[PDB]
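These notes are about the structure you will find just below.
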Amino acid sequence: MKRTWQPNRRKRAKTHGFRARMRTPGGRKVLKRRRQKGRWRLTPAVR
Amino acid sequence: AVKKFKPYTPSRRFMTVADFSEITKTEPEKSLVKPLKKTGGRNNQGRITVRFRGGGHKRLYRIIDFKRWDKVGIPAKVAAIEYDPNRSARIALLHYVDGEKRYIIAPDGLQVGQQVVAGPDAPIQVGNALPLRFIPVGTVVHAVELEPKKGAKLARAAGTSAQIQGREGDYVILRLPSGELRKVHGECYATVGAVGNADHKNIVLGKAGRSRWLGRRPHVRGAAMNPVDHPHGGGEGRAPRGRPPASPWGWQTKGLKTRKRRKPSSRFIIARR
RNA sequence: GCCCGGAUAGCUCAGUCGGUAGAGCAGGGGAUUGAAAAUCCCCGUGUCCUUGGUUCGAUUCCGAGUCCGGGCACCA
RNA sequence: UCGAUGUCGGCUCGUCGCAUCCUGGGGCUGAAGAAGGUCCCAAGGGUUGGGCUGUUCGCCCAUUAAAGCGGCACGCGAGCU
RNA sequence: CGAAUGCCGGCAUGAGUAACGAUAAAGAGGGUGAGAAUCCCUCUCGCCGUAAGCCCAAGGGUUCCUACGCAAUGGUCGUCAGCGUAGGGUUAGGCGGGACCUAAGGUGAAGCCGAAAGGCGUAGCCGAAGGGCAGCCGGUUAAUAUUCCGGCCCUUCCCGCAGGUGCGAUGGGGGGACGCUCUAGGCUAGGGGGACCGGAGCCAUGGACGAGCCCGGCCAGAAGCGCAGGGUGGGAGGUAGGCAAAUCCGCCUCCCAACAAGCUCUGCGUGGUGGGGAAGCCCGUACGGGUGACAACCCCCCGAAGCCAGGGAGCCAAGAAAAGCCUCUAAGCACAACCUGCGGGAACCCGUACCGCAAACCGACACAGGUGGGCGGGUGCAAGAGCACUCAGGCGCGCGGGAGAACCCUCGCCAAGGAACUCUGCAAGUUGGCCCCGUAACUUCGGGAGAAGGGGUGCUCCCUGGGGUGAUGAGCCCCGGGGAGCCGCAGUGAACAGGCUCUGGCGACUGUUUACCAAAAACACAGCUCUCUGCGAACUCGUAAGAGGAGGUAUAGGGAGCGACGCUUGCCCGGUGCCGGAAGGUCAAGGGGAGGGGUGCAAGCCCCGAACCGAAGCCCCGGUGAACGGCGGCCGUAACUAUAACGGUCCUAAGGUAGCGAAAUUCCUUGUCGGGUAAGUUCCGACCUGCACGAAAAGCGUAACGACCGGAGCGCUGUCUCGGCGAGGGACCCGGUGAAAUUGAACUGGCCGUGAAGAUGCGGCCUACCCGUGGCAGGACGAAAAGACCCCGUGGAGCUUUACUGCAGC
RNA sequence: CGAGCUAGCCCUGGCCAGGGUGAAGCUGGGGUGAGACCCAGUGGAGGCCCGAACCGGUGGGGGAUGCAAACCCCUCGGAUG
RNA sequence: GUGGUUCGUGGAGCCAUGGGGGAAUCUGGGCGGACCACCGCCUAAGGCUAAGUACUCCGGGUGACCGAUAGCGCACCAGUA
RNA sequence: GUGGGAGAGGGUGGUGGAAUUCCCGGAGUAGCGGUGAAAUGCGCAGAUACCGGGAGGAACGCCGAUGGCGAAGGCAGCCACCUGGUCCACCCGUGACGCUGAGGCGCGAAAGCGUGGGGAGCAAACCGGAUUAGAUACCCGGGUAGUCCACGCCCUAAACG
Ligand SMILES: NC[C@H]1O[C@H](O[C@H]2[C@H](O[C@@H]3O[C@H](CO)[C@@H](O)[C@H](N)[C@H]3O)[C@@H](O)[C@H](N)C[C@@H]2N)[C@H](N)[C@@H](O)[C@@H]1O
Ligand SMILES: NC[C@H]1O[C@H](O[C@H]2[C@H](O[C@@H]3O[C@H](CO)[C@@H](O)[C@H](N)[C@H]3O)[C@@H](O)[C@H](N)C[C@@H]2N)[C@H](N)[C@@H](O)[C@@H]1O
Ligand SMILES: NC[C@H]1O[C@H](O[C@H]2[C@H](O[C@@H]3O[C@H](CO)[C@@H](O)[C@H](N)[C@H]3O)[C@@H](O)[C@H](N)C[C@@H]2N)[C@H](N)[C@@H](O)[C@@H]1O
Ligand SMILES: [Mg+2]
Ligand SMILES: [Mg+2]
Ligand SMILES: [Mg+2]
Ligand SMILES: [Mg+2]
Ligand SMILES: [Mg+2]
Ligand SMILES: [Mg+2]
Ligand SMILES: [Mg+2]
Ligand SMILES: [Mg+2]
Ligand SMILES: [Mg+2]
Ligand SMILES: [Mg+2]
Ligand SMILES: [Mg+2]
Ligand SMILES: [Mg+2]
Ligand SMILES: [Mg+2]
Ligand SMILES: [Mg+2]
Ligand SMILES: [Mg+2]
Ligand SMILES: [Mg+2]
Ligand SMILES: [Mg+2]
Ligand SMILES: [Mg+2]
Ligand SMILES: [Mg+2]
Ligand SMILES: [Mg+2]
Ligand SMILES: [Mg+2]
Ligand SMILES: [Mg+2]
Ligand SMILES: [Mg+2]
Ligand SMILES: [Mg+2]
Ligand SMILES: [Mg+2]
Ligand SMILES: [Mg+2]
Ligand SMILES: [Mg+2]
Ligand SMILES: [Mg+2]
Ligand SMILES: [Mg+2]
Ligand SMILES: [Mg+2]
Ligand SMILES: [Mg+2]
Ligand SMILES: [Mg+2]
Ligand SMILES: [Mg+2]
Ligand SMILES: [Mg+2]
Ligand SMILES: [Mg+2]
Ligand SMILES: [Mg+2]
Ligand SMILES: [Mg+2]
Ligand SMILES: [Mg+2]
Ligand SMILES: [Mg+2]
Ligand SMILES: [Mg+2]
Ligand SMILES: [Mg+2]
Ligand SMILES: [Mg+2]
Ligand SMILES: [Mg+2]
Ligand SMILES: [Mg+2]
Ligand SMILES: [Mg+2]
Ligand SMILES: [Mg+2]
Ligand SMILES: [Mg+2]
Ligand SMILES: [Mg+2]
Ligand SMILES: [Mg+2]
Ligand SMILES: [Mg+2]
Ligand SMILES: [Mg+2]
Ligand SMILES: [Mg+2]
Ligand SMILES: [Mg+2]
Ligand SMILES: [Mg+2]
Ligand SMILES: [Mg+2]
Ligand SMILES: [Mg+2]
Ligand SMILES: [Mg+2]
Ligand SMILES: [Mg+2]
Ligand SMILES: [Mg+2]
Ligand SMILES: [Mg+2]
Ligand SMILES: [Mg+2]
Ligand SMILES: [Mg+2]
Ligand SMILES: [Mg+2]
Ligand SMILES: [Mg+2]
Ligand SMILES: [Mg+2]
Ligand SMILES: [Mg+2]
Ligand SMILES: [Mg+2]
Ligand SMILES: [Mg+2]
Ligand SMILES: [Mg+2]
Ligand SMILES: [Mg+2]
Ligand SMILES: [Mg+2]
Ligand SMILES: [Mg+2]
Ligand SMILES: [Mg+2]
Ligand SMILES: [Mg+2]
Ligand SMILES: [Mg+2]
Ligand SMILES: [Mg+2]
Ligand SMILES: [Mg+2]
Ligand SMILES: [Mg+2]
Ligand SMILES: [Mg+2]
Ligand SMILES: [Mg+2]
Ligand SMILES: [Mg+2]
Ligand SMILES: [Mg+2]
Ligand SMILES: [Mg+2]
Ligand SMILES: [Mg+2]
Ligand SMILES: [Mg+2]
Ligand SMILES: [Mg+2]
Ligand SMILES: [Mg+2]
Ligand SMILES: [Mg+2]
Ligand SMILES: [Mg+2]
Ligand SMILES: [Mg+2]
Ligand SMILES: [Mg+2]
Ligand SMILES: [Mg+2]
Ligand SMILES: [Mg+2]
Ligand SMILES: [Mg+2]
Ligand SMILES: [Mg+2]
Ligand SMILES: [Mg+2]
Ligand SMILES: [Mg+2]
Ligand SMILES: [Mg+2]
Ligand SMILES: [Mg+2]
Ligand SMILES: [Mg+2]
Ligand SMILES: [Mg+2]
Ligand SMILES: [Mg+2]
Ligand SMILES: [Mg+2]
Ligand SMILES: [Mg+2]
Ligand SMILES: [Mg+2]
Ligand SMILES: [Mg+2]
Ligand SMILES: [Mg+2]
Ligand SMILES: [Mg+2]
Ligand SMILES: [Mg+2]
Ligand SMILES: [Mg+2]
Ligand SMILES: [Mg+2]
Ligand SMILES: [Mg+2]
Ligand SMILES: [Mg+2]
Ligand SMILES: [Mg+2]
Ligand SMILES: [Mg+2]
Ligand SMILES: [Mg+2]
Ligand SMILES: [Mg+2]
Ligand SMILES: [Mg+2]
Ligand SMILES: [Mg+2]
Ligand SMILES: [Mg+2]
Ligand SMILES: [Mg+2]
Ligand SMILES: [Mg+2]
Ligand SMILES: [Mg+2]
Ligand SMILES: [Mg+2]
Ligand SMILES: [Mg+2]
Ligand SMILES: [Mg+2]
Ligand SMILES: [Mg+2]
Ligand SMILES: [Mg+2]
Ligand SMILES: [Mg+2]
Ligand SMILES: [Mg+2]
Ligand SMILES: [Mg+2]
Ligand SMILES: [Mg+2]
Ligand SMILES: [Mg+2]
Ligand SMILES: [Mg+2]
Ligand SMILES: [Mg+2]
Ligand SMILES: [Mg+2]
Ligand SMILES: [Mg+2]
Ligand SMILES: [Mg+2]
Ligand SMILES: [Mg+2]
Ligand SMILES: [Mg+2]
Ligand SMILES: [Mg+2]
Ligand SMILES: [Mg+2]
Ligand SMILES: [Mg+2]
Ligand SMILES: [Mg+2]
Ligand SMILES: [Mg+2]
Ligand SMILES: [Mg+2]
Ligand SMILES: [Mg+2]
Ligand SMILES: [Mg+2]
Ligand SMILES: [Mg+2]
Ligand SMILES: [Mg+2]
Ligand SMILES: [Mg+2]
Ligand SMILES: [Mg+2]
Ligand SMILES: [Mg+2]
Ligand SMILES: [Mg+2]
Ligand SMILES: [Mg+2]
Ligand SMILES: [Mg+2]
Ligand SMILES: [Mg+2]
Ligand SMILES: [Mg+2]
Ligand SMILES: [Mg+2]
Ligand SMILES: [Mg+2]
Ligand SMILES: [Mg+2]
Ligand SMILES: [Mg+2]
Ligand SMILES: [Mg+2]
Ligand SMILES: [Mg+2]
Ligand SMILES: [Mg+2]
Ligand SMILES: [Mg+2]
Ligand SMILES: [Mg+2]
Ligand SMILES: [Mg+2]
Ligand SMILES: [Mg+2]
Ligand SMILES: [Mg+2]
Ligand SMILES: [Mg+2]
Ligand SMILES: [Mg+2]
Ligand SMILES: [Mg+2]
Ligand SMILES: [Mg+2]
Ligand SMILES: [Mg+2]
Ligand SMILES: [Mg+2]
Ligand SMILES: [Mg+2]
Ligand SMILES: [Mg+2]
Ligand SMILES: [Mg+2]
Ligand SMILES: [Mg+2]
Ligand SMILES: [Mg+2]
Ligand SMILES: [Mg+2]
Ligand SMILES: [Mg+2]
Ligand SMILES: [Mg+2]
Ligand SMILES: [Mg+2]
Ligand SMILES: [Mg+2]
Ligand SMILES: [Mg+2]
Ligand SMILES: [Mg+2]
Ligand SMILES: [Mg+2]
Ligand SMILES: [Mg+2]
Ligand SMILES: [Mg+2]
Ligand SMILES: [Mg+2]
Ligand SMILES: [Mg+2]
Ligand SMILES: [Mg+2]
Ligand SMILES: [Mg+2]
């Protein structure tokens, strides 16, 4: 039956992408946190 | 005048459609249409601000002329009578003699082939717009400006009309379709006649779907909801209002007057609805 | 089974600061009528449900009891 | 027994008690006979099919030798409903 | 540390147990190899075939091809692999996207708003499965191909030559440019048939050397031409409108053509050329290659939902934009520029492997689930994408071998009976397609209707009516009509394919809903009523700006109730709400200051403060019921009796009107009576004593409708009396792989007792060799889940209100 | 941080085999003073009918450490809105 | 009208200020806890100003600090799988 | 046929004044209304009575008659349009073309009904005040359908001469 994850690449990038994060003071602080933790990816992969 | 249907289905027996006999032209004046964005009753936040709206047939907007006075004295011929989906009324196509085309909302009895014109001039006759002060007392009239230069506001709806009860000072006394008695300014244009398509109030939608076509989605009673939702929500099986009947936002809905008391336009009103 | 009300003239009901209790209708005697209603003039009258008790004195306050009006009997 | 002892009835499957419904054996009889009444012995076996209702129960139809009453966590849901 | 349903890890029990993932299905020969049911090859068998085949798009990301491998992954095996290692593989001016356009939305010079962060917003800009734009056929690789090659065609940019012309834009105008249903004519895709053309070969087993059987009989193609079709008037004059200008467009007038006539555009056909090309046999190919062959390459018929395409008709709910394109003029330039033809040159970036209804995507799995678009052959069955079989193609579902117990599942059949089963005909059966005959109550006249109930249905011959295409004819194809016979148990012979009636409740209806225990009588619904709202509307969201409402205007919009239709919808305004009320009472800040007080020598500075003036609110006056709501009781009375039309009285704001009534409502209750049944707590009809109906939380009806819920009957049945037999997949045995919850430890009997009151574990008796396997569920107060009922906690949370207190709002 | 599930709306596309019923209109005929209206033929309407795809999820059975954390089978509702 | 302070409206001054009214330049102004007198203190409505102070990504020294279930989540290619 | 007449004969569209009611302005004060008599009701929140302005509906005084017209039901301010019936005169035309009339068709007061409008006055129902033994009546105060318009129904009557 139809499940919760229905991949689409435009969505993924349009939504969790770098430019998106940067757009919003909330998301700029996501990058800040992930960078401080030293995440390898700051941002989901997509493609 | 209101086509009926034999009951060859249920709901085809109560359905009633407008009679389109008056309609001359079957596709609009391309220079005169523009697209109109459908809201869904949603504001510039994506938020519904008017409930139960949406779906329903796509429409092109007819840009219509509610200022008649920037054409003063230039006559025009009534080219066709057309169906405007954006209103109860019907719209008359005007060919002006200097070759501009306009839509006017179409008065009762106005027929194709007619000369029509606006100004302090001009005969008192159906289709002709004038500042109110020159329209003789007693004349029924429509498409009335509320303040000068600001466009037709009052009596635009199919069958509606206003009537001139008297002059006082700079202002004239109109009775509105509502029956309110209103001072309006003398220089406000009004075009003479009623709106016509008066038959309009008797159409009988006839089924649920036909309401949907006009873009009105179903409407659920407060009675049918739960207390989270509405003053009338809840309460084991059915039940009465159990309080003064309210809106979902909890203000009272039988009789409570919502006109702001201290409005300035108060000085200009004489009566009720 | 548990809580509430009520009992006052023949009927329907009022009232009581614990001291001499009333309204209507009925009823009795007279008038009026040919006669009968309607009308008029006189007329009363109950031991205030029972039984204890308080008090100088209880329809009135107390505690029990009848019998009628009523409400309840929910979670299982 | 609340860090769970599933709770009415039906069904299936039994098993026991006797304060015996029938069949067996008796006494008394207001027991002529036949048919009963009542009490005594007796638990081996038996103890129907339907209409109504979730019903247990109970009432009704049609039969019967009779259509017995109780217990078994109101017997039985790791057996079904 | 021994306990915390503790934490982390290790290893046990259950147990060689359940299971090994669709019941489409296998068998043998050969091969390879240490090893083979499981890999390759052949033959045979089976399954899919509107797919289980083929091609796009997403998403996945080397899974692709090849060699070498088998430790682990693979539910077994494994020499195989979507696995390990390694090497190779994706080629474009024309396909997709970008260097083009705009949609919703986004963003956003201007601008507005907001403590900050930020919110809005015109122009513009971004944004696509929409608009715009130039490639078709075939060949080639182990692996890419509209990409490489071959053939035949084309686009844009730059430069030039020729001819043409007032050239010229982000400005103007035209166009692009649109719905839904139905549909004409001509075509193509696709298909069937041919005695015609071409082809290896075949004659079995009784027959056939045959006008036999088997196979194939095309594809693409510029210009021209031809057939069908879309678009489309020409000229003059006037001109104040299209935010400058316009010779364009609009508007008025006059003159010509009404028509594809012309012009133009597109489909199809034909076309220089190019290509393809079966069966069968051989070659060994893993997989293809040789030949068939100088292959033929034509006639007929059916024929789209596709094309001509902006076709036509009807209807109401009235059906994007912008660029490309054409036209017009403006600066400016006219040696420019542009237009047409020709010719050379120039033509970038990204994608292209493979999977793709799935073992490669979403579902932790090589998961019986989910996933958009196109193609989807044949024959038969009325049709069809249905059904059965089948082609191309693809599969036999990654554990097998056996046995032929119980029991389970899925399936077949059954004497007599036929609902007796049961909460209930739950389940199963019956019915079943098409043609003809026939069809009631009632009804809103449409329906009810497939009412119900019947007859027909195959094949053979003979005769015969109408149509399409052809020619008006043959042939092909479509629809029938009449007659005479033949066969079986049976002719919609297999598959797909309503059981029917009567009568109540509720809801008018089609719809909608608790994803995952409720599909309903609930929601919605057209429709009816009340109410607000005069437009910068009321209302809603937002601190605001803004926005929705609505580019709408009272025939409109919001809110509430009721809920098609029919006939109707009574009385009460005391209380509450809303509405009206320029009086009166009360009323806060403020005004006002009679009077009083602090201090100083004083002038003074400072504080308190009566009258009186003073909003909305409340009080007060009234109105209002499709506003919140409410709509009694007692006693007497008629010439049998009984009852009580009548009278009396208490109380109230007034005491339930019509209709209906033991009801989706009736406690007593299985009310009483009638109906139905042999028998009826249900059901239908009455009655009225309505615990505790009653008129828009609508009253009473209503045709039609319903996977709603009652009650009856016919039909038919394994529901049942009451079971039996049979089939397959399990269960059982053998070989391979091998879990699970649970588990203080266990050397774990019965009775009668006792015990914290239900004992394998204590007492006394009884019974009892050790250990398994297939079975059944009575017990281990079996497992599971720290009871969801109940209480408790000065625990929580949702909801309400004339609870308290605030806040938004007004 | 989430509307890649789910709910509503906005923009832009696509899809719905085959059969059946036969509204208006139209045209003819009849009728009339004219009409209403009646009959035929044509026409092809509809939250119309049967039934695939597609969307559902009605009843029963199975499953219940599943094939599956909602599935399978039989049956059933809608199918131009 | 509020905030700050120990000050929660208190006898409530002080410092700050959203609203209203609204001065003077030394004989001017603020303050010493309502107010007044006296006596003092101080000079608002512009600005800058090291050090002594806080911290530890980083480097170094030292531990009656851990010793791979400890010590940082990470002694190991960990903010990784 | 010609030439004339009379009339509230019908359909349509316009249009006038009186009055009632409401609203606004003015002025003015204690009662108005009502009846058998009263009360309810209205009125110091300024009623009644008076003047001026406005709004809206319905009906048309005098003329007016015991009169006229219509087949009946019916028809009454004024104006115009459209249109029926009818009488007279002249003796011109047709040449028995006539009378009636089952069925049919059409009209048909009031009330009532549907959908819209409209609503001043009146007014079933209803409320209230009186009267009465009662009073679901007569009288008074309110008052909703209705009365009016359009369109479609109903088809009745002491539709009577
Ligand atoms: N109703 C449940 C059970 O009843 C009977 O047995 C019970 C029995 O009932 C009686 O049985 C008799 C024998 O048939 C009858 O004749 C009696 N009328 C009856 O009361 C009881 O005396 C027992 N204590 C219990 C037993 N289960 C049945 N035999 C069973 O099949 C049935 O399942
Ligand atoms: N018991 C004898 C009769 O009594 C009543 O009638 C009286 C009536 O009762 C009234 O009933 C009303 C309802 O019906 C109530 O609402 C009145 N409040 C009440 O007073 C009295 O108001 C009359 N004065 C006398 C009348 N005979 C009954 N109506 C009758 O059925 C009964 O038969
Ligand atoms: N059939 C034709 C005509 O017959 C009559 O006219 C007559 C007309 O009547 C006049 O009609 C008028 C309309 O009603 C009245 O206003 C006059 N008062 C009256 O005298 C006579 O004056 C003529 N002499 C003869 C005419 N036949 C009808 N009345 C008219 O309607 C009709 O048009
Ligand atoms: Mg997941
Ligand atoms: Mg995408
Ligand atoms: Mg920043
Ligand atoms: Mg890295
Ligand atoms: Mg926006
Ligand atoms: Mg937003
Ligand atoms: Mg209508
Ligand atoms: Mg609505
Ligand atoms: Mg609703
Ligand atoms: Mg609810
Ligand atoms: Mg909410
Ligand atoms: Mg609420
Ligand atoms: Mg409520
Ligand atoms: Mg209720
Ligand atoms: Mg409710
Ligand atoms: Mg409000
Ligand atoms: Mg009393
Ligand atoms: Mg005494
Ligand atoms: Mg005498
Ligand atoms: Mg005493
Ligand atoms: Mg005493
Ligand atoms: Mg409970
Ligand atoms: Mg409770
Ligand atoms: Mg317990
Ligand atoms: Mg347990
Ligand atoms: Mg005995
Ligand atoms: Mg015996
Ligand atoms: Mg004897
Ligand atoms: Mg004897
Ligand atoms: Mg025995
Ligand atoms: Mg039963
Ligand atoms: Mg019991
Ligand atoms: Mg019983
Ligand atoms: Mg018990
Ligand atoms: Mg039990
Ligand atoms: Mg049990
Ligand atoms: Mg169970
Ligand atoms: Mg049970
Ligand atoms: Mg157990
Ligand atoms: Mg311990
Ligand atoms: Mg431990
Ligand atoms: Mg083990
Ligand atoms: Mg075991
Ligand atoms: Mg086993
Ligand atoms: Mg097994
Ligand atoms: Mg398998
Ligand atoms: Mg198998
Ligand atoms: Mg070998
Ligand atoms: Mg070998
Ligand atoms: Mg083999
Ligand atoms: Mg097959
Ligand atoms: Mg096929
Ligand atoms: Mg993946
Ligand atoms: Mg790999
Ligand atoms: Mg391996
Ligand atoms: Mg293996
Ligand atoms: Mg596996
Ligand atoms: Mg590999
Ligand atoms: Mg190329
Ligand atoms: Mg491109
Ligand atoms: Mg470039
Ligand atoms: Mg763009
Ligand atoms: Mg923004
Ligand atoms: Mg900003
Ligand atoms: Mg695109
Ligand atoms: Mg392209
Ligand atoms: Mg080409
Ligand atoms: Mg390939
Ligand atoms: Mg030019
Ligand atoms: Mg064919
Ligand atoms: Mg062919
Ligand atoms: Mg040949
Ligand atoms: Mg032979
Ligand atoms: Mg031969
Ligand atoms: Mg063969
Ligand atoms: Mg011009
Ligand atoms: Mg210009
Ligand atoms: Mg077109
Ligand atoms: Mg067209
Ligand atoms: Mg110039
Ligand atoms: Mg490729
Ligand atoms: Mg593929
Ligand atoms: Mg699938
Ligand atoms: Mg597909
Ligand atoms: Mg695959
Ligand atoms: Mg598999
Ligand atoms: Mg799968
Ligand atoms: Mg998977
Ligand atoms: Mg699908
Ligand atoms: Mg068929
Ligand atoms: Mg097809
Ligand atoms: Mg099929
Ligand atoms: Mg057989
Ligand atoms: Mg049988
Ligand atoms: Mg039978
Ligand atoms: Mg039943
Ligand atoms: Mg069934
Ligand atoms: Mg019948
Ligand atoms: Mg019919
Ligand atoms: Mg039939
Ligand atoms: Mg029927
Ligand atoms: Mg029927
Ligand atoms: Mg037959
Ligand atoms: Mg045959
Ligand atoms: Mg069949
Ligand atoms: Mg089928
Ligand atoms: Mg069948
Ligand atoms: Mg059928
Ligand atoms: Mg019932
Ligand atoms: Mg329904
Ligand atoms: Mg559910
Ligand atoms: Mg749920
Ligand atoms: Mg349903
Ligand atoms: Mg619902
Ligand atoms: Mg209704
Ligand atoms: Mg605003
Ligand atoms: Mg706005
Ligand atoms: Mg707006
Ligand atoms: Mg708008
Ligand atoms: Mg509304
Ligand atoms: Mg409702
Ligand atoms: Mg009511
Ligand atoms: Mg009230
Ligand atoms: Mg009130
Ligand atoms: Mg009141
Ligand atoms: Mg006052
Ligand atoms: Mg006040
Ligand atoms: Mg009051
Ligand atoms: Mg008597
Ligand atoms: Mg009642
Ligand atoms: Mg009853
Ligand atoms: Mg009954
Ligand atoms: Mg009841
Ligand atoms: Mg009962
Ligand atoms: Mg039954
Ligand atoms: Mg029942
Ligand atoms: Mg009944
Ligand atoms: Mg009710
Ligand atoms: Mg109500
Ligand atoms: Mg209802
Ligand atoms: Mg009913
Ligand atoms: Mg009816
Ligand atoms: Mg019904
Ligand atoms: Mg339905
Ligand atoms: Mg249903
Ligand atoms: Mg029942
Ligand atoms: Mg039955
Ligand atoms: Mg069986
Ligand atoms: Mg078997
Ligand atoms: Mg024991
Ligand atoms: Mg021991
Ligand atoms: Mg011991
Ligand atoms: Mg065992
Ligand atoms: Mg057991
Ligand atoms: Mg607990
Ligand atoms: Mg407490
Ligand atoms: Mg608490
Ligand atoms: Mg609580
Ligand atoms: Mg969504
Ligand atoms: Mg149709
Ligand atoms: Mg139909
Ligand atoms: Mg349908
Ligand atoms: Mg398809
Ligand atoms: Mg199901
Ligand atoms: Mg369900
Ligand atoms: Mg199930
Ligand atoms: Mg089970
Ligand atoms: Mg269907
Ligand atoms: Mg403070
Ligand atoms: Mg305090
Ligand atoms: Mg302070
Ligand atoms: Mg101070
Ligand atoms: Mg300040
Ligand atoms: Mg000073
Ligand atoms: Mg200071
Ligand atoms: Mg100081
Ligand atoms: Mg001091
Ligand atoms: Mg100081
Ligand atoms: Mg410092
Ligand atoms: Mg370690
Ligand atoms: Mg560690
Ligand atoms: Mg170690
Ligand atoms: Mg370790
Ligand atoms: Mg660690
Ligand atoms: Mg006249
Ligand atoms: Mg007169
Ligand atoms: Mg003569
Ligand atoms: Mg003659
Ligand atoms: Mg009439
Ligand atoms: Mg009338
Ligand atoms: Mg009156
Ligand atoms: Mg009265
Ligand atoms: Mg009288
Ligand atoms: Mg009225
Ligand atoms: Mg008369």
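Residue numbering restarts at 1 for every chain of the structure tokens, chains are lettered A, B, ... in their displayed order, and ligands are numbered from 1 as they appear.
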Problem set entry | Within-9 Å residues of ligand 198, basis only C-alpha atoms (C1' of nucleotides) and all ligand atoms, as a PyMOL selection string | chain H and resi 158+160-161
Export C-alpha atoms (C1' of nucleotides) of the chosen residues as a PDB file, in the first residue's frame?
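Just written: again.pdb:
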```
ATOM      1  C1'   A H 158     -80.184  33.199  -2.355  1.00  0.00           C
ATOM      2  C1'   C H 160     -82.430  35.300  -8.371  1.00  0.00           C
ATOM      3  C1'   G H 161     -86.505  37.936 -12.197  1.00  0.00           C
TER       4        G H 161
END
```
For this session: Can you pull out every residue within 8 Å of residue F:17, counting only C-alpha atoms (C1' of nucleotides), but drop anything in the same chain fewer than 5 positions away, and send it as a VMD selection string?
Result: (chain E and resid 384 to 385) or (chain F and resid 52 to 53)
Save the residues we just selected, C-alpha atoms (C1' of nucleotides), as a PDB file, in the first residue's frame?
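Just written: part_34.pdb:
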```
ATOM      1  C1'   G E 384     -16.140  -5.130 -25.535  1.00  0.00           C
ATOM      2  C1'   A E 385     -10.080  -3.588 -23.023  1.00  0.00           C
TER       3        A E 385
ATOM      4  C1'   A F  52     -14.559  -3.550 -17.708  1.00  0.00           C
ATOM      5  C1'   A F  53     -10.464  -0.340 -16.843  1.00  0.00           C
TER       6        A F  53
END
```
For this session: Using DSSP on the backbone coordinates, identify all residues within chain A classified as alpha helix (DSSP H); present the result as a ChimeraX atom specification.
Result: /A:9-16,18-23,25-37
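Pocket residues of ligand 67, taken as those with any atom at most 9 Å away using only C-alpha atoms (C1' of nucleotides) and all ligand atoms, are residues 118, 119 and 120 of chain E.
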For this session: Would you mind listing the residues within 9 Å of ligand 162, counting only C-alpha atoms (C1' of nucleotides) and all ligand atoms, as a ChimeraX atom specification?
Result: /F:3,6-8
For this session: Could you give me, as a VMD selection string, the residues within 8 Å of stretch 15-23 of chain G, counting only C-alpha atoms (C1' of nucleotides) and dropping anything in the same chain fewer than 6 positions from it?
Result: chain G and resid 1 3 to 4
